[PDB]
């Protein structure tokens, strides 16, 4: 078995290939979107992971889509995240911050000034986001119709990603993961379904990938390419955002472009929680020959599926989501073939310690 063997991931070395997937838990303080000591304890409990990838973290106030999600733009956010990374490092762990802009998956009530969120085009996402009620409890509310970004606003978006990566370095993160998946802003530009622009940021695949590649170049320049990962979900449909009528060819174009930058890793979210068609081994081979860094697979994996694909030389590591919510010591349990704690989905979002830090270790 290979799941418990080391792997060099850009600038750090993971001691195993069992990674903690990015998981939105909506427990941050408002006002201020500030990480908490309870969040610090949760991440410290999981520090035996080969790599922790944080919950989605907004790059700016405009980037916020969910009440209770943290940011990485203000002094108070930087100071709170510094305590969290210090606690992970005290336990000999490694942690990446997942950075996003939600684009049209948002609501006017949590935007600056109470105004419309932004996107590639002015089309409603036709889904829900998570807000908080008068008592601070999580609630699902229909998304607000966005306005299209003006051409002259695009450099500011690139600069916000650049600044958030500068802040992540100061906060003591080991790596950053750019959120280019799941129907958020970068994916909204990538997909023809959500991008009807007639300037240089819409139409062809080269134009649709222009924004995400500008962001990759900016953050590599700010820090170093060996500190940068990216999450993509380029095959299937995710939160009403499909990948267009040429999804395989368009995915291989983007992956070839990413490879030119020499980034640390490519993280593929293979399916939505509601399911989708499995990746073919032929498509996995085409990805593998186009990218020369670490490849992480995710989406309803078991340890058995992970071992199979790692042994075949097609991926290098696996990110587990819901098994990591329920099992702080998932590495030890998989190594010893011990039974897992049962999941409690009712407490995935919002609340406090219950369903968060109260899943026991062996």
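Residue numbers count along the first chain shown, from 1.
The question of which stretch, 21 to 29 or 346 to 354, has the higher mean Cα B factor is settled in favour of 346 to 354.
For the segment pair 48 to 56 and 289 to 297, the entry gives 289 to 297 the higher mean B-factor, averaged over Cα atoms.
Of all the options 180, 193, 102, 224, the entry's greatest CA B-factor is assigned to 193.
For the set 266, 212, 120, 273, the PDB entry puts the maximum C-alpha B factor at 273. Sorting the modelled residues of the chain by their CA temperature factor places residue 329 in the lowest third. In the deposited entry, the Cα temperature factor of residue 308 places it in the highest third of its chain's modelled residues. Ranked within its chain, residue 186 lands in the lowest third, by CA B factor from the PDB record. When the modelled residues of the chain are ordered by their C-alpha B factor, residue 232 lands in the lowest third. Sort the chain's modelled residues by C-alpha temperature factor and residue 151 lands in the highest third, per the entry.
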